[PDB]
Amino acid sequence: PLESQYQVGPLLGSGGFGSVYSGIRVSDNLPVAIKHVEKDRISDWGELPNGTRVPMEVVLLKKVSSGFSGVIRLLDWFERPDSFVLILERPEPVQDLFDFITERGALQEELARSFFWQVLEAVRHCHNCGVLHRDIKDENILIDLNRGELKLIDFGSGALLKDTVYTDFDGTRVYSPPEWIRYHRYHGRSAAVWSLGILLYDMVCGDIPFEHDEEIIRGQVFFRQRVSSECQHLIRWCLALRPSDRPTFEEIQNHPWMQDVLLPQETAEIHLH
């Protein structure tokens, strides 16, 4: 079942998401990632078209898993007595964006643009498929270093997308919007756009803009690195205090800072190889 089909490799890491291992699919030597989650730690359950009780993460991944490569593909999954196991794709060589930024510091704007654009395409794809990630951040983005392609990972804090208010949140606090901090209420799209402003700031400054609740609520952005005025403007727009003042995905991608994006392969050749 799981035992024979996959050869298990080293532990890649563990956290709120559970424990993830490197691995190889025995049949064709396909590189994979093997993710284990205990049932006790799963608060958010969902149901398949089969009518089967699984972790919401499995529901969400199946809804977004198609030829589009901006989201990590779910290859298979298994239930065990006290856990679920997910077999996910694994690009090779790969590095998560948090580690990449830690090593480089602030990213050049051309590179940040390419990366941010790909994140946007991936988030739009999720939203089109009825899925809200709810934990967009550097740690949850992988870079395929050869192709220069980014992938979203870890849908364990996600939800079905809806147009009504959310009153639960389980993502990362420092990426969460002021309406959550103050009222424990938010809407999907506008909260996602706030997290994208935090992410963009992180890319171009090398760290997140806010640490404490009061800074989030105050929403005053200070630039610690040299950042173009157009990029500063896009960031401040994404981080508007009122949800309804934030741009739509379309407005973000039509913003002047976002024009003439590099292709992924060009991005790898210039910045990654």
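Under this definition, the rigid core comprises the largest set of C-alpha atoms superposing within 1.5 Å between the forms. A residue's number is simply how far along the shown sequence it sits, counting from 1.
Root mean square Cα distance to the shown form, taken over structures and residues in 4 other deposited structures of this protein after a core fit, is higher for 5 to 13 when 258 to 266 and 5 to 13 are compared. Root mean square Cα distance to the shown form, taken over structures and residues in 4 other deposited structures of this protein after a core fit, is higher for 16 to 24 when 16 to 24 and 248 to 256 are compared.
Legend: mean Cα B-factor per stretch from the PDB entry, 35 to 43 versus 237 to 245; the higher mean is in 35 to 43.
Averaged over CA atoms, B-factors in the entry run higher in 20 to 28 than in the other of 20 to 28 and 256 to 264. In the deposited coordinates, the residue among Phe78, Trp117, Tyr201, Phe98 with the greatest CA B-factor is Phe78. Reading the B-factor column for the CA atoms of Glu139, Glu110, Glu121, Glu92 in the entry, the top value corresponds to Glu92. The PDB entry assigns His133 a C-alpha temperature factor belonging to the lowest third of its chain's modelled residues. Ranked within its chain, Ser83 lands in the highest third, by CA B factor from the PDB record. Among all modelled residues in its chain, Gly206 ranks in the lowest third by Cα B-factor. Among the modelled residues of its chain, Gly156 has a C-alpha B-factor that falls in the middle third, as given in the PDB entry. Split the chain's modelled residues into thirds by C-alpha temperature factor. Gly197 is in the lowest one.
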